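The chain contents come next:
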Amino acid sequence: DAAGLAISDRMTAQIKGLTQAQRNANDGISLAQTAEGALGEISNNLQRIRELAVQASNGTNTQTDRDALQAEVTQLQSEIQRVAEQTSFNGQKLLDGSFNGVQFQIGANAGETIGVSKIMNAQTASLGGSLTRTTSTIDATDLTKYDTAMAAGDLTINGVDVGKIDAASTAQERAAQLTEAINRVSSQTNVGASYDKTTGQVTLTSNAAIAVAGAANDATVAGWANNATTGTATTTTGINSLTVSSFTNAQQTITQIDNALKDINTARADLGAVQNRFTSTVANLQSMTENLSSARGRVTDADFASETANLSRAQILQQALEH
């Protein structure tokens, strides 16, 4: 019975181990579905941003029109960021870049595992990857000569005149005025302005050096003094520094959002594959466990039959002998 004890004990280890492992694989499906659903909501939000970037590139837009589109973009970036930073399955974050992958015990024995691969950092500071362009930032508060009116020719961008600008009563108003006039010619100069009202900063953006010229040559009235190579080549990650404030900005946003969607798509593809792997694992474990338990059932049935038959036999023989 040495072999019988060894087999019975292994059958028990197998049945119980493979039964827990099917639970484990089912839990793996649920985590992946969760991560994939959440990425799906981010993708929706990304499409919305992209669509607003197309709309913002309308040649008939005022700055006020673009600022309204940017308000919605800002709302969307907030929602993408909280989904990416908050999403979890049973106490473990999935989309913040901290999911280094996990292995699932899907067999009875140590080391019989299936890995869920690391999941991308879908936070807005990371989503979509690299983006390098030329930027130049001022503060609205720098515009101390906001009262000094501008006549056409005072400020030019890449040799394109921004035109006349009336006297302002605040530095912040001149900031608004400069954003507006620069952005009017953005599609022609390849330079766009984003005026962040939360901070008061005006950022110029381009794919190349910015040629600032004109009659005024005073940063305190027209934001930037004359300089043929204005701006610095600068890199950020993700979509968080994206705006649709100008044609130039909105064109960058389209391109970068496309990069972000690609990243999401491939992450969702990975997660679909791992679900598939877990589902075929569950099918395998269910089949194996059913076979093993059926085999056990035949053994215990036979044991009961032999016990009953042996006990009966001993009594019937006893009777025969007592005659």
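Residues numbered from 1 in each chain as written, not as in the entry; some residues may be left out. Heavy atoms only, no water.

Method of determination for the deposited model, per the PDB record: X-ray crystallography, at 2.10 Å resolution.

J.: Summarise the packing of helix α1 (residues 2-56) against helix α2 (residues 63-86); cite the residues concerned and give the values.
T.: Running from N to C, α1 and α2 cross one another at 165°; their axes reach a closest spacing of 10 Å. Taken together, the axes of α1 and α2 lie roughly antiparallel to each other. When you trace α1 past α2, the crossing you get is left-handed. From α1, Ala38, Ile42, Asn45, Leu46, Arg48, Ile49, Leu52, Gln55 and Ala56 reach across to α2, where they touch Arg66, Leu69, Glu72, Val73, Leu76, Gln77, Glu79, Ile80, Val83 and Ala84. Among the residues making up the contact of α1 with α2, the classes are represented as 12 nonpolar, three polar and four charged. (Axes fitted to C-alpha atoms, helices over the stretch in contact; angles between N-to-C directions. Helix = DSSP H or I, 4+ residues; strand = E, 2+ residues; numbered from the N terminus. Parallel < 35°, antiparallel > 145°, perpendicular 65-115°, else oblique. Left-handed = near helix turned anticlockwise from the far one by under 90°. Contact = heavy atoms within 4.5 Å. Nonpolar A, V, L, I, M, F, W, Y, C, P; charged D, E, K, R; others polar.)

J.: A description of the nonpolar core should follow, citing residues and the corresponding values.
T.: Within the largest apolar cluster, 45 residues are counted, with the highest numbers of intra-cluster contacts made by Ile42, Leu46, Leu95, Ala122, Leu127 and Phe278. Of all elements in the fold, only α1, α2, β4 (113-116) and α6 (247-321) reach the threshold of two or more residues within this core. Looking at this core, the element that brings in the most residues is α1, giving 13 residues. In this structure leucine 127 touches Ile42, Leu46, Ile80, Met120, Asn121, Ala122, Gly238, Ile239, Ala260 and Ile264, once residues within four positions along its chain are discounted. Judged by nonpolar contacts, the second largest core, of 24 residues, contains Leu143, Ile165, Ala171 and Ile182. (Core = buried A, V, L, I, M, F, W, Y, C linked by side-chain atoms within 4.5 Å. Buried < 20%, exposed > 50% of the residue type's maximum accessible area, 1.4 Å probe, protein only.)

J.: Which residues make up the pattern of salt bridges, and what values do they have?
T.: Following the criterion strictly, the structure yields five salt bridges and no others. Note that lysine 197 and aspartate 67 form a salt bridge whose closest N and O atoms lie 3.7 Å from each other. Taken together, the residues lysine 197 in the loop between β8 (191-196) and β9 (201-206) and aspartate 67 in helix α2 connect sequence positions 130 residues apart. Taking relative accessible area as the criterion, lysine 197 reaches 52% and is therefore assigned exposed. Here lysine 164 makes a salt bridge to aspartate 166, at a shortest N to O gap of 2.8 Å. With relative accessibility at 54%, the residue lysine 164 sits in the exposed group. (Salt bridge = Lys/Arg side-chain N within 4 Å of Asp/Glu carboxyl O.)

J.: Any chance you could break down the sheet that holds β8 for me, citing the residues and the numbers?
T.: Here four strands make up an open sheet; going across it, the order is β8-β9-β5-β12 and the pairing antiparallel. Of all the strands in the sheet, just β8 and β12 (232-237) have a single pairing partner and so form its edges. Put simply, the sheet's adjacent strands are angled 40° from each other on average, direction ignored. Each of β8 and β9 touches helix α3 (residues 171-184); the most contacted strand, β8, lies at about 150° to it. (Pairing = 2+ DSSP bridges.)

J.: Quick one: what's the story with the packing of aromatic side chains, residue by residue and with numbers?
T.: By the definition in use, this model includes one aromatic pair. The interplanar angle of 70° and the centroid separation of 5.1 Å between the aromatic rings of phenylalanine 104 and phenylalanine 278 together place this pair among those described as edge-to-face. One end of the pair, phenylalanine 104, is in strand β3 (residues 102-105); the other, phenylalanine 278, is in helix α6, with 174 residues separating them in the sequence. Looking at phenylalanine 104, the relative accessible area reads 14%, which means it is buried. (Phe/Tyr/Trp six-rings, centres within 6.5 Å; stacked < 30°, edge-to-face > 60°.)

J.: Break down the domain arrangement of the protein chain for me, with residues and values.
T.: One widely used convention gives an interface's size as the accessible area the parts lose upon coming together. One can read the domain layout of the protein chain as domain 1 (1-129 + 239-323) and domain 2 (130-238). On a C-alpha basis, the centres of domain 1 and domain 2 stand 49 Å from each other. Taken together, the 21 residues of domain 1 in the interface contact 19 residues of domain 2. Both sides of the domain 1 and domain 2 interface together cover about 1400 Å² of buried area, and 50% of this is carbon and sulfur. Taken together, domain 1 and domain 2 are joined by one salt bridge. Joining domain 1 to domain 2, the criterion identifies 10 residue pairs in polar contact. Every element with two or more residues in the side of domain 1 that touches domain 2 is listed here: α2 and α6. (Domains from an automatic or database assignment. Buried area = accessible area lost by both parts, 1.4 Å probe. Polar contact = N/O pair within 3.5 Å; in protein donor to acceptor, adjacent residues only side chain to side chain.)

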